[PDB]
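In: Here is the input, now give the coordinates:
(one chain, ligands or ions: 2)
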Amino acid sequence: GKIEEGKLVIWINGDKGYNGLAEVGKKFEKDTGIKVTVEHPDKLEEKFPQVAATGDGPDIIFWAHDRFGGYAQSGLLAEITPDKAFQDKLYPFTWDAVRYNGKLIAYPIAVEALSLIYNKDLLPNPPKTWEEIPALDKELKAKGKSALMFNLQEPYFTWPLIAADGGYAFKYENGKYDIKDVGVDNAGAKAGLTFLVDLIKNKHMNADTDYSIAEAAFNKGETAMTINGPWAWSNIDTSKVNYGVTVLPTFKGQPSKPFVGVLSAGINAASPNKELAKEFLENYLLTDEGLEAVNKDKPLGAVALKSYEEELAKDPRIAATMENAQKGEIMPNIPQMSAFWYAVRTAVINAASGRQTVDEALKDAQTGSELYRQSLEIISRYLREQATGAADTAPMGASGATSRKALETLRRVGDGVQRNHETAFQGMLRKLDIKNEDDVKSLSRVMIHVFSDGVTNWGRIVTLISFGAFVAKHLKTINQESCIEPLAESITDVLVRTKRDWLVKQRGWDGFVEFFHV
Ligand SMILES: Cc1c(C(=O)O)n2c3ccc(Cl)c(c13)-c1c(nn(C)c1C)CSCc1cc(n(C)n1)CSc1cc(c3ccccc3c1)OCCC2
Ligand SMILES: OC[C@H]1O[C@H](O[C@H]2[C@H](O)[C@@H](O)[C@@H](O)O[C@@H]2CO)[C@H](O)[C@@H](O)[C@@H]1O
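Out: Numbers count the residues shown, from 1 in each chain. Ligands and ions are numbered 1, 2, ... in the order given. Next up is the structure itself:
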């Protein structure tokens, strides 16, 4: 339950240079007498938010930057406040990757992008296009080899192809994300994923291939190509395969667009060792010697530290990494990234296995990715118009008909629940004694308990939201209207976290509208 004072516990993924990181920890111990323990738990990016929410977990968590906005939003990360001298030692765009609501919430370490890795003794020149891979596989099959194996279990590896002809996560224009505008089930995404599925149908790839299977095949000289990041180069070096690292193939004449990650280190908000952690990260790890120790274990990519990157940049494999990165897109760090990845992971796995068609898989992924924002739209608008008596005139935006009709439905059914359950609602409002924002943020734990116990149905979702409206009316009448949007956010988080899979199975809010159709 409590993080131990006077030591450092660090989590890093098991594909990274954790032995090199431990060597940095031993240098830290030699100076300070403070022991550093490096661990690489399975699913650490899922475990961290669970354990840290209880005040437990590591002092320092390493992951790509995309998960950190979610952690920061949940209050799990300490704000990072390096001095100018330190900040100037790292590239500005790396600090940008770890900025969330105006605050730095991790230290950037290195820039990662996937590349095409190829065996020059099988394939002296890499394919420039995805479309030529089937014919190459046919040539290679006659030699008792295959063209390509890569991890089909993690959507990170398949995204570059999905993105190539126009798939996107959240639209980015005019220096801004439009979180309502999700690009998972458009014609471009379908074209990419169909190409992948056709590779599998035509026995060029196997839907069961995972990281270890692809890595072993490439490193044993059994397959001519793989798709992987810099961390994989150590094991390829050890294997003695004559390998190149190059630009990903094009699809429909367009570059493959990898999602670019910045390996980052956050400090747990519950750590009593924040000063020790800052010292470790700034004055041991983010040094030429610290990064070299990690990079010698498993390569980092293009490091954030300018002095060391100037050495590393002369490596053609790093040049290739950066070429692919420039053709791709820096991942968002918005809290909705976790859901996007979960939705797309399932879509790829189901399309690849034949459990769903591409169209079915991508429709579900779209709905899953849109769920938080659409739910918040509906719930916020209902609570606010209930509180004030006046509706919001702003356009609903994307999937607007569904939002509008869900709101219209919820007006009917939710107004009814408020009337019929006035007595329970008034009683409970009095018991909970909500006076301010602090009281609203305290509701989540109890709300999750109540709502997640028992059966799942649309009626209970209506009760959740309708009591929210009942509370919002109270908040407005005591001059606490500023608490309504935090309330709506809390209710939305409870709903979507606890009922994600059920919601997607209903066609989200279209299910709700149909369920209560008069
Ligand atoms: C039965 C019921 C449900 C449900 O079926 O899941 N929900 C209610 C919401 C409110 C009420 Cl009054 C009732 C319910 C209810 C009760 N009896 N009857 C006859 C009714 C209709 C009281 S026993 C259940 C209960 C409620 C709380 N506790 C400690 N136990 C307050 S902690 C909280 C909970 C919220 C909240 C939802 C929005 C905002 C704040 C919330 C703060 O939503 C919980 C999920 C929705
Ligand atoms: O597959 C979804 C997954 O993609 C990214 O994770 C990468 C990670 O960034 C790399 O450093 C390397 O470890 O491979 C992972 C893919 O298995 C996202 O960072 C992650 O949040 C997301 O779930």
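In: can you list the residues of the stretch 1-150 of the chain near ligand 2?
Out: Counting by Cβ under 6 Å from any ligand atom, the residues of the stretch 1-150 of the chain lying close to ligand 2 are 13, 15, 45, 64, 66, 67, 112. (Each C-beta comes from the backbone N, C-alpha and C, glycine too.)
In: how about the residues you listed in JSON lines, adding secondary structure and neighbour count?
Out: Formatted as JSON lines, the entries for those read as follows, by DSSP: H, G, I helix; E, B strand; the rest coil; neighbours: other Cβ atoms under 10 Å:
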{"residue": "13", "secondary structure": "coil", "neighbour count": "17"}
{"residue": "15", "secondary structure": "coil", "neighbour count": "15"}
{"residue": "45", "secondary structure": "helix", "neighbour count": "20"}
{"residue": "64", "secondary structure": "strand", "neighbour count": "23"}
{"residue": "66", "secondary structure": "helix", "neighbour count": "25"}
{"residue": "67", "secondary structure": "helix", "neighbour count": "25"}
{"residue": "112", "secondary structure": "strand", "neighbour count": "25"}
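In: which one among these gets closest to residue 452?
Out: Taking Cβ to Cβ as the measure, residue 452 lies nearest residue 45 of these, at 22.3 Å.
In: Pull out the buried residues from whichever strand or helix holds residue 278.
Out: Residue 278 is located in helix 274-280, with elements delineated by DSSP states H and E. Counting neighbours by 16 or more other Cβ atoms under 10 Å, one finds that the buried residues in helix 274-280 are 274, 276, 277, 278, 279, 280.
In: Which residue does the stretch 301-450 of the chain have closest to ligand 2?
Out: Sorted by distance to ligand 2 under Cβ to the nearest ligand atom, the residues of the stretch 301-450 of the chain start with residue 341, at 4.0 Å.
In: Then that residue would be within a helix, right?
Out: Yes. Remark: residue 341 belongs to a helix, assigned using DSSP: H, G, I helix; E, B strand; the rest coil.
In: any idea which helix is longest in the chain?
Out: Residue-count comparison of every helix in the chain, with assignments taken from DSSP state H, identifies helix 358-388 as the longest.
In: ok, now how distant is the closest residue to residue 432 other than its chain neighbours from residue 381?
Out: Taking Cβ to Cβ, 6 or more residues apart in numbering, and ignoring the residues beside it in sequence, residue 432 has residue 443 as its nearest neighbour in space, at 7.3 Å. The span separating residue 443 from residue 381 equals 20 Å under the rule Cβ to Cβ, to the nearest Å.
In: again with residue 222
Out: From residue 222 over to residue 381 the distance is 56 Å, taken as Cβ to Cβ.
In: Settle it for me: which of those two has more neighbours?
Out: residue 381 (20 against 14; other Cβ atoms under 10 Å).
In: which residues touch the residue lying closest to the more buried one once chain neighbours are set aside?
Out: Across the structure, with Cβ to Cβ, 6+ apart as the measure, the residue nearest residue 381 apart from its sequence neighbours is residue 392 (5.2 Å). Neighbour list for residue 392: 381, 384, 385 [criterion: Cβ atoms under 8 Å, 6 or more residues apart in numbering].
In: How far off centre is stretch 468-478?
Out: Computed by Cα atoms, centre = their mean, to the nearest Å, the separation of stretch 468-478 from the middle of its chain amounts to 34 Å.
In: let me redo that: stretch 420-430
Out: Taking the mean C-alpha point of stretch 420-430 and that of its whole chain, the gap between them comes to 39 Å (Cα atoms, centre = their mean).
In: hmm, back to that, pretty sure the residue of the stretch 301-450 of the chain closest to ligand 2 sits against residue 158.
Out: No. Contact between residue 341 and residue 158 fails when scored by Cβ atoms under 8 Å: they sit 11.6 Å apart.
In: Which of the two has more residues huddled nearby?
Out: Neighbours of residue 341 and residue 158, each counted by other Cβ under 10 Å, are more numerous for residue 158; the result is 24 against 21.
In: isn't the more buried one right up against residue 152?
Out: Yes. If you go by Cβ under 8 Å, residue 158 and residue 152 touch, sitting 6.7 Å apart.
In: what is in contact with the two at once?
Out: Common neighbours of residue 158 and residue 152 (Cβ under 8 Å, 6+ apart) are residue 348.
In: helices or strands next to the helix or strand where residue 489 lies in the packing?
Out: Under the criterion DSSP H and E, the helix or strand holding residue 489 is helix 484-505. Helix 484-505 is packed against helix 337-353, helix 358-388, helix 437-441, helix 443-452, helix 458-477, with contacts defined by 3 or more Cβ pairs under 8 Å, 6 or more residues apart in numbering; DSSP states H and E.
In: Return the alpha-carbon coordinates of the helix or strand just after that helix using PDB.
Out: In the C-terminal direction, the helix or strand that comes right after helix 484-505 (DSSP H and E) is helix 508-515. Once side chains and other backbone atoms are set aside, the C-alpha atoms of helix 508-515 remain, and they are given as PDB (Å, rounded to 0.1, in the frame of the first residue of the first chain):
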ATOM      1  CA  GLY A 508     -23.000   2.400 -28.200                       C
ATOM      2  CA  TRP A 509     -25.500   5.200 -28.000                       C
ATOM      3  CA  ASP A 510     -27.400   4.000 -31.100                       C
ATOM      4  CA  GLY A 511     -28.400   1.000 -29.000                       C
ATOM      5  CA  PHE A 512     -29.700   3.300 -26.300                       C
ATOM      6  CA  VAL A 513     -31.800   5.300 -28.800                       C
ATOM      7  CA  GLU A 514     -33.300   2.100 -30.300                       C
ATOM      8  CA  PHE A 515     -33.900   0.500 -26.900                       C
END
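In: Which of the helices or strands spans the closest residue to ligand 1 within the stretch 201-350 of the chain?
Out: Distance from ligand 1 to each residue of the stretch 201-350 of the chain (Cβ to the nearest ligand atom) is smallest for residue 335, at 20.2 Å. When elements are assigned from DSSP H and E, residue 335 belongs to no helix and no strand.
In: Skip the chain neighbours and tell me the closest residue to it.
Out: Distance criterion Cβ to Cβ, 6+ apart; nearest residue to residue 335, sequence neighbours excluded, is residue 70 at 4.2 Å.
In: Could you list the contact residues of this structure toward ligand 1?
Out: Counting by Cβ under 6 Å from any ligand atom, the residues of the chain that sit close to ligand 1 are 421, 424-425, 428, 432, 443, 446-447, 450-451, 460, 463-464, 467-468, 471, 491.
In: Where does the residue nearest to residue 381 sit: helix, strand or coil?
Out: Recorded secondary structure, residue 392: coil (three-state DSSP).
In: Offset the numbering so it begins at 34, please.
Out: Let's use 34 as the start, then, which means that last one is residue 425.
In: next one: phi and psi at it?
Out: Main-chain torsions, residue 425, degrees, to the nearest 10: phi -90, psi 120.
In: Please report phi then psi for the residue sitting furthest away from the middle of the chain.
Out: No residue in the chain sits farther from the centre than residue 456, which is 42.5 Å out by Cα atoms, centre = their mean. The main-chain torsion angles of residue 456 are listed as degrees, to the nearest 10 and equal phi -70, psi -50.
In: Contact partners for whatever residue of the stretch 184-333 of the chain ends up closest to ligand 1?
Out: Nearest to ligand 1, among the residues of the stretch 184-333 of the chain, is residue 212, at 23.3 Å (Cβ to the nearest ligand atom). Listed by Cβ under 8 Å, 6+ apart, the contact set of residue 212 reads 203, 367, 369, 406.
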